[PDB]
Every structure is written in structure tokens, then in C-alpha cells.
Asks: 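My structure is below; once you've seen it, I'll send some questions.
Count residues from 1 along the sequence. Just so it is clear, the values below take in all heavy atoms, side chains as well, and ignore hydrogens, waters and symmetry mates.
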Amino acid sequence: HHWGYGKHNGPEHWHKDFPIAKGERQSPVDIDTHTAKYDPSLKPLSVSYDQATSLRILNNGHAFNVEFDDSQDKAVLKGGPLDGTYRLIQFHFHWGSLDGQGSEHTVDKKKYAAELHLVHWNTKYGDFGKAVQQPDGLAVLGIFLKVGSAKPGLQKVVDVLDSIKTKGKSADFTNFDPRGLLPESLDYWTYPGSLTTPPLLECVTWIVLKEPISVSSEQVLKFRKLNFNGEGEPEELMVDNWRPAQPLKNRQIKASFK
Ligand SMILES: CC(C)c1cccc(=O)c(O)c1
Ligand SMILES: [Zn+2]
């Protein structure tokens, strides 16, 4: 009876195994565009993905993760609110059963169909496992997905999903270029928060882009054909793998843009 996104093991239950669920810097949050503060001290984000090396795609039972070689500084995030260099380890999405929900962060209470998380860890901590123990360990770049025109740079991902339908399945996934998932603008909001799944550790500088990417209805429909279950177990569609907005508490969201 481990955590998940059902009635009996979903977000309202997580605090029993993971008490930090009710902590002081949990994610996601609603982004109130009118009360976010423009911060002129914030730097442009530096997204350096030209040498990114993707390796594998994995159904981990709650998402599909596209994994990168993080054994060197090949795909790094810097600048913005960060001090130091953060290496890309993996990206994944959170999505809904319907186009009107699926994002974790919301914008003036608006839910997008999905949210992309590009996960990076602070190289001064040496590895991801160590980084998650630290208040500045991770930098997650969050990008909203709306349904409309297809995102061509997403289709290679969509096309391999039928090979990792069930929990624990993996497939080789080389030469995928994550630059193909980024919007035009790197205008962002930023705040200190947490992993949005167990263990809910409070180790994340969130960087949420203002501009959504468009994906097609067919693209997101293919996300919804994945399974939470293992092969040979009863079929539970992998949908609604998002945590709702948490209390902002003693935090202010900062904007990079006016
Ligand atoms: C694999 C889990 C712990 C995780 C790690 C890091 C970032 C995320 O956005 C997320 O949803 C989940
Ligand atoms: Zn995530």
C-alpha cells in the first residue's frame, strides 16, 4: 500500500509516510501573477543543452523519465536565481485525465493540461542523492503544456511510449535533444519549494516559465495510454499524476519580467 495518486494512497494520504508533506516550503503552489514581485536582481536563465546526452526512457510507476548522462557538465542550467551549476539528470511530465487539468503549478488558479519538469542537481554536492538532502540541491525548470498545435520536438518521446507501457519498463533513448521542448521566452517565476512527489524533500529552487508550449491532443492522449501498474497486473491508466497546489506559507514568488 505504497503512495500513488488514487483515493486511498493519493496526495491527501502522503503525510502519513512523509510528514514533511505539511512542511513550510512544499510544492507545487498557485502562482498569483499579480502578487509575484518583479526582481531586477534576477539574471537571465542560462540553459546550455547543446551537448546533452540522453540515454534511456523509464516508466517508474508514476511517470516516464527521460534520463541523461550527468557524469559531466554536458547539459547545465545556470544563472537566473541560481548560484552555481546544475546538471540535467532527467525530465518527465505530470498530466491529467482531461485537457482541463494535469499541471501541478497553476497560474491564477488556471490548470494546464500537463507540466514538464527538467530536473537538475547542484554540482557542488557531487550526486543527485546528496543534492536532495540540501536546501539548494535541485533546480527544476517547469514548463506548462497547453493543447493546440503539436510540438514537433516532443514526438520522438510520444512515439516510444508504447515500448514502456508498464511500471519498470525501460527503452534505449539516445540522441534526444531537449532544446526541442522549450518555449521561445525564458521569462520565469521562481520560489523555494520541494519535490512534488514523495519523498517531498525541500531541496528545490523552482523556475517556472511563463510561456507554455503547445502540444496536440494526440500527443497528450498518448501520455494517458501509459499504465501505473506492472505488466500482468490489472490495468490502471497513468493519468492525474499531479499533486494539487500547497499553501504558500512564508514565501514570495519572484518574477524575472515586468
Ligand atoms: C523521482 C522523484 C523523487 C522526483 C524527482 C524530482 C523531480 C520531480 O519533478 C518529480 O516529480 C519527482
Ligand atoms: Zn515532476
Side-chain angles (χ1 to χ4, degrees), residues 2-14 21 26-33 57-66 90-119 140-162 164-167 169 181-183 189 193-198 200 204 206-229 234-247:
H2 57 69
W3 71 268
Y5 290 98
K7 326 87 149 173
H8 295 282
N9 65 349
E12 297 315 310
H13 292 269
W14 297 341
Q26 290 291 289
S27 296
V29 296
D30 179 59
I31 301 169
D32 182 316
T33 60
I57 191 174
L58 171 70
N59 180 333
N60 70 2
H62 56 97
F64 57 88
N65 291 348
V66 175
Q90 58 100 326
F91 71 78
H92 58 275
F93 304 80
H94 300 257
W95 63 89
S97 55
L98 307 157
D99 296 343
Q101 61 204 59
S103 70
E104 302 213 290
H105 291 91
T106 55
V107 180
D108 298 327
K109 305 289 179 91
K110 171 196 201 327
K111 291 172 170 85
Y112 291 88
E115 183 172 333
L116 167 60
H117 294 166
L118 297 128
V119 183
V140 184
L141 181 61
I143 304 179
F144 296 120
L145 279 64
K146 60 177 188 203
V147 171
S149 74
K151 194 68 175 187
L154 179 62
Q155 197 57 36
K156 301 284 189 170
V157 175
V158 164
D159 278 336
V160 76
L161 294 183
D162 45 18
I164 58 154
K165 185 174 171 184
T166 53
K167 177 165 52 54
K169 296 295 209 190
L181 297 177
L182 302 179
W189 298 284
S194 74
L195 310 174
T196 66
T197 67
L200 303 168
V204 181
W206 278 97
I207 302 168
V208 178
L209 295 193
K210 173 204 77 206
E211 181 181 334
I213 63 164
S214 284
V215 302
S216 68
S217 55
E218 295 84 358
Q219 288 183 319
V220 67
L221 286 158
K222 290 182 193 180
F223 289 11
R224 298 180 184 127
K225 292 194 90 195
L226 290 161
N227 282 186
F228 285 119
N229 55 279
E235 183 161 8
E236 194 54 2
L237 292 185
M238 184 180 288
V239 296
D240 295 315
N241 58 353
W242 55 274
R243 190 184 190 186
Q246 299 302 303

Asks: Considering non-hydrogen atoms only, spot the tightest contact between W242 and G96 and give its length.
Replies: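 Heavy atoms of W242 and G96 come nearest at NE1-CA, 4.3 Å.
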Asks: Do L98 and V239 make a side-chain contact, defined as non-hydrogen atoms from C-beta onward lying under 4.5 Å apart?
Replies: no
Asks: Closest approach of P212 and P183, non-hydrogen atoms and distance?
Replies: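 Where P212 meets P183 most closely, the heavy atoms are O-CB, 4.2 Å.
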Asks: Fit a plane to each ring of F228 and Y5, take the angle between them on a 0 to 90° scale, and name the class: parallel (under 30°), tilted (30 to 60°) or perpendicular (over 60°).
Replies: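 Geometry flag for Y5 against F228: parallel rings.
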Asks: Parallel, tilted or perpendicular for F144 and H105, by the 30°/60° rule?
Replies: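 Ring orientation, 0 to 90° scale: perpendicular.
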Asks: With sequence neighbours left out, write down each residue that passes side-chain hydrogen bond (donor to acceptor under 3.5 Å, both in side chains) with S214, or none if nothing qualifies.
Replies: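 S214 satisfies side-chain hydrogen bond (donor to acceptor under 3.5 Å, both in side chains) with no other residue.
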Asks: Who passes side-chain hydrogen bond (donor to acceptor under 3.5 Å, both in side chains) against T106, sequence neighbours left out?
Replies: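 Here the qualifying residues are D30.
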Asks: Find out whether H92 and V119 are in side-chain contact, i.e. whether some heavy atom of one side chain is under 4.5 Å from a heavy atom of the other.
Replies: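 Yes - at least one pair of side-chain heavy atoms lies under 4.5 Å apart.
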Asks: Is there side-chain contact between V220 and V147, with heavy atoms separated by less than 4.5 Å?
Replies: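 SC-SC contact between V220 and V147 confirmed.
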Asks: Which pair of heavy atoms, one from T197 and one from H94, lies closest together, and at what distance?
Replies: CG2-CE1, 4.4 Å
Asks: Once you round to the nearest 0.5 Å, how far does CG of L116 lie from OG of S103?
Replies: 12.0 Å
Asks: Please name all residues satisfying side-chain hydrogen bond (donor to acceptor under 3.5 Å, both in side chains) with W189, sequence neighbours left out, ordered by chain then number.
Replies: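 With sequence neighbours excluded, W189 shows a side-chain hydrogen bond (donor to acceptor under 3.5 Å, both in side chains) to no residue whatsoever.
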Asks: Could you tell me which residues satisfy side-chain contact (heavy atoms from CB on, under 4.5 Å) with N229, sequence neighbours excluded, listed by chain and number?
Replies: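 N229 satisfies side-chain contact (heavy atoms from CB on, under 4.5 Å) with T166, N227, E233, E235, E236 once adjacent residues are dropped.
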Asks: Which heavy atom of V204 sits nearest to which heavy atom of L195, and what is that distance?
Replies: CG2-N, 3.6 Å
Asks: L237 versus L226: any side-chain heavy-atom pair under 4.5 Å?
Replies: no
Asks: For residues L200 and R243, report the shortest heavy-atom separation together with the two atoms involved.
Replies: CD2-NH1, 3.6 Å
Asks: On a heavy-atom basis, which atom in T196 and which in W14 lie closest, and how many Å separate them?
Replies: O-CZ3, 3.3 Å
Asks: Just verifying a value: how many Å separate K210 NZ and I143 CD1, rounded to the nearest 0.5 Å?
Replies: 13.0 Å
Asks: Under a 3.5 Å cutoff, is there a donor and acceptor pairing between the side chains of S27 and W206?
Replies: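 There is such a pair (donor and acceptor under 3.5 Å, judged by atom type) between the side chains of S27 and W206.
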Asks: Using a cut-off of 6.0 Å, state whether more than 12 heavy atoms not belonging to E12 lie near its atom CD.
Replies: no
Asks: Flag the pair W95 / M238 as yes when at least one side-chain heavy-atom distance between them is below 4.5 Å, and no otherwise.
Replies: yes
Asks: Please evaluate residues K169 and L58 with respect to the criterion side-chain contact (heavy atoms from CB on, under 4.5 Å), reporting the C-alpha separation (whole Å), side-chain torsions for both, the decisive distance (0.1 Å), and the verdict.
Replies: CA-CA 6 Å; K169 296 295 209 190; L58 171 70; over 6 Å; no
Asks: Can you give me every donor-acceptor pair (side chain of residues 148-157, partner residue at least two apart or in another chain, under 3.5 Å) with its distance?
Replies:
| unit_1 | atom_1 | unit_2 | atom_2 | d |
| --- | --- | --- | --- | --- |
| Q155 | OE1 | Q219 | NE2 | 2.9 |
| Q155 | NE2 | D159 | OD1 | 3.1 |

Asks: Name all pairs fulfilling the salt bridge (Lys or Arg N to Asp or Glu O under 4.0 Å) condition that reach into residues 99-112, sequence neighbours left out, sorted by first residue then second.
Replies: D99-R224
Asks: Side-chain contact test, heavy atoms from C-beta onward, threshold under 4.5 Å: evaluate it for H117 versus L141 and give yes or no.
Replies: no
Asks: Would you indicate whether the side-chain heavy atoms of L118 and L182 approach each other to under 4.5 Å?
Replies: yes
Asks: Which of parallel (below 30°), tilted (30 to 60°) and perpendicular (above 60°) describes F93 and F64?
Replies: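 It falls in the tilted class, 30° to 60°.
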Asks: Between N65 and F91, is there a side-chain heavy-atom distance shorter than 4.5 Å?
Replies: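 No - every pair of side-chain heavy atoms lies 4.5 Å or more apart.
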